[PDB]
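Down below is the structure, laid out as structure tokens.
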Amino acid sequence: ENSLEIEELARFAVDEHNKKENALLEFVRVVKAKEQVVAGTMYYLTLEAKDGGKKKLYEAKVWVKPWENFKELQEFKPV
């Protein structure tokens, strides 16, 4: 798991969650990441984000098709 790729995907998760749900979570870092080869790659991320300036953990599921510029936030939730 290339940590640079995962950092970008974690930021994309927080940004997409903010777009989708009209929120303002502030990305802090990735804690955990699992890649699972599928039709493309599926990522299960555990990350820190600040809610109201309060650090919290979230789980995100991110689907990537590396042959297109396709990245999709499948789910995002507190742990």
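Across segment 8-22, which residue is surrounded by the most Cβ atoms within 10 Å (Cβ to Cβ) among those that are closer than 11 Å to residue 49 by Cα and hydrophobic (A, V, I, L, M, F, W, C)?
Going through the qualifying residues, I end up with 13.
Before we move on, is residue 5 in contact with a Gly (Cβ under 8 Å, 6 or more places away or on another chain), of a type outside the set (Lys, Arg) and surrounded by fewer than 16 Cβ atoms within 10 Å (Cβ to Cβ)?
On the way: in contact with a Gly (Cβ under 8 Å, 6 or more places away or on another chain): no; of a type outside the set (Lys, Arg): yes; surrounded by fewer than 16 Cβ atoms within 10 Å (Cβ to Cβ): yes.
The answer is no for residue 5.
As a convention, Cβ positions derive from the backbone with ideal geometry for all residues, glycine included, and neighbour counts pool all protein chains shown. Taken together, the values in this text are just the output of simple stated rules run on the coordinates, not laboratory data.
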